[PDB]
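Chemist: fold the following, please.
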Amino acid sequence: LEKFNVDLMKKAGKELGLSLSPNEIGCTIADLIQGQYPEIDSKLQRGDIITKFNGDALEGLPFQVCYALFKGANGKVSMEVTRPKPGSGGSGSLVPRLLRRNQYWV
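Modeler: Numbers count the residues shown, from 1 in each chain. I have put the structure below:
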């Protein structure tokens, strides 16, 4: 299980383009809208889980809190994402046949 930090300038929910999902250790990135942020595009990906956010362990906490801080982010946002082994996200994927990027964006 790899883990790195993603820091980017946050302007109250916008280019963050990183659809989060309900996880036990944090929020599994269900998706991300590339082109929104450079760092994110070069940092976040599909199949990771944000277990840390601005020096705040998102492990054990619900998703409501994560969605809130991620949505209430504004002024440099450093999120430690965990990229576990492959397996989930290949046949069914977290994002169904909704739209281009129809996802839960913060």
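
Chemist: burial count for the residue nearest to residue 1 when sequence neighbours are not counted?
Modeler: Closest residue to residue 1 apart from its sequence neighbours, by Cβ to Cβ, 6 or more residues apart in numbering: residue 84 at 4.6 Å. Where C-beta positions appear, they are placed from N, C-alpha and C, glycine not excepted. Residue 84 sits with 14 neighbouring residues when counted by other Cβ atoms under 10 Å.

Chemist: the one 5 residues further on too?
Modeler: Residue 89 has 15 neighbouring residues, counting by other Cβ under 10 Å.

Chemist: now the strand or helix carrying residue 81: buried residues?
Modeler: Residue 81 is part of strand 77-83 when elements are defined by DSSP states H and E. Within strand 77-83, the residues scored as buried using 16 or more other Cβ atoms under 10 Å are 77, 79-83.

Chemist: between those, which is nearest residue 42?
Modeler: residue 81 (12.5 Å; Cβ to Cβ).

Chemist: the helices in the chain, which residues?
Modeler: Counting by DSSP state H, the chain has helices at residues 38-41, 63-71.

Chemist: which other helices and strands contact the shortest one?
Modeler: The helices and strands touching helix 38-41, judged by 3 or more Cβ pairs under 8 Å, 6 or more residues apart in numbering; DSSP states H and E, are strand 2-8.

Chemist: what residue of this protein is the furthest out?
Modeler: Most distant residue from the mean C-alpha position of the chain: residue 91, 20.6 Å away (Cα atoms, centre = their mean).
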